[PDB]
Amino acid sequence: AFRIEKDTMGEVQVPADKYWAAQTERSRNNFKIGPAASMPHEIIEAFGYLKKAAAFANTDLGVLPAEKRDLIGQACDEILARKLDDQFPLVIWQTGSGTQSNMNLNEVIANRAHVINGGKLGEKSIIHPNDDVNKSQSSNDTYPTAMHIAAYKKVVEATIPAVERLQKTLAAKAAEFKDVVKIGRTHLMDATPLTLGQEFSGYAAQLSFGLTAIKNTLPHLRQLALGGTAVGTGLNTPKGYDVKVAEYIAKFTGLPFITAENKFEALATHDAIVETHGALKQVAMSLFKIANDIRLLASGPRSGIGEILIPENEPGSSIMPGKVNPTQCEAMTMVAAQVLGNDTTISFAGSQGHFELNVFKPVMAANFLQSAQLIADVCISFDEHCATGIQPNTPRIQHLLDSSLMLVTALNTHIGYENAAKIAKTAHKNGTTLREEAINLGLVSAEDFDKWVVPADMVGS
């Protein structure tokens, strides 16, 4: 049922059918914390790319035979094609450098290479997990490299396109609604007019600024630690490895990775993760506000605001029959709340490096990838199932527009602030219209009032 594998600390019984070896099995047993195998699959995929890249670079620089490169490459291709997912059983909550997941890659690739070459599991592998699979490497540069590959891939392939898709919908709605005049609200109180398209133009601008803020963070994020080995010096790397291995990662992923400018910064900190996550959090706070506005505007349908109609996707209540809720808005606001807490966790962890190494790598990686993924997923969901189908509730908009006492603001440059205030305050106290009191107070003729107070003329242009 078990076979014997060895590391420098002794013999370990390993499930006889699994490709991992002693150090993986120790970690599996010694860190029973949270759900099994919680290390993000994106980190394992990133490891497949960088272990293949290291083997290719080592062979080009004359320190690894091509025959060993090809076996390592084949095992990495299998990991990448999702053939060995059950060979990675380790948790986030392991050593803070990710040594144990690095050794999980090294052990699985070594044993699987042995079988690819015609051997049997339980035999000494032709490929050594440390001397061959890990040649010219440490956990300390490989794990950060996996974090930046996985982070950068998710942001450019998932998060940015999802935010762009929603931004384009909001901008399309701003144009669709450019002639719908509604009442502004400030402090939640009745204000002066704006178009529903103007209001949506603010949401669209928020996401355009957010996109720029995320993209600004990509030059730091594309920098890879690989080549810094144990402490950042590149001890035991061949001359030129740092640039050559970054070039192979860029080729295999199709993404613009470069070697990190300062390998001490790249090991002792995750400042690039802090930087990019700050921009994800900025987008999340903007999305919170947009979602919250859309549910306020949709509130009702009879006893709220009710200025917009949203798609009705599912029953909203188990007890209130026929109720429908702004449930896509709720998912977005909850995802935003999660991203803010993830920012606390990443910022705290990012302060806590000691000397040559930040040992909070897995918790920073898992929180980062959750934020990037959930922002991408909820932007797509919100776009598909809410934002694309928003329409005005025109009769309700018109009533709420004509009802505002703060249409009196149009009179300021004709009669002055104090006189205009007396009209609005008198209408409020009496339950009357602005026009009725402008006339009764002797402050504006009926004729001037009708010329001077026109909501369609109060929206700029």
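Note that residue numbering follows the sequence shown and begins at 1.
- Higher mean CA B-factor, judged across 38-46 and 62-70 from the recorded values: 62-70.
- Higher mean CA temperature factor between 341-349 and 149-157: 149-157, per the PDB entry.
- Each of 274, 250, 226, 297 has a CA temperature factor in the record; the biggest one is found at 250.
- If you compare the C-alpha temperature factors of 117, 317, 217, 138 in the entry, 117 comes out highest.
- Per the deposited record, the Cα B-factor of residue 413 falls in the highest third when ranked against the other modelled residues of its chain.
- Per the PDB record, residue ranking by Cα B-factor puts residue 181 in the middle third of the chain.
- Sorting the modelled residues of the chain by their CA temperature factor places residue 382 in the middle third.
- Looking at the C-alpha B-factors along this chain, the one for residue 394 belongs to the middle third.
- For residue 124, the recorded CA temperature factor ranks within the highest third of the chain's modelled residues.
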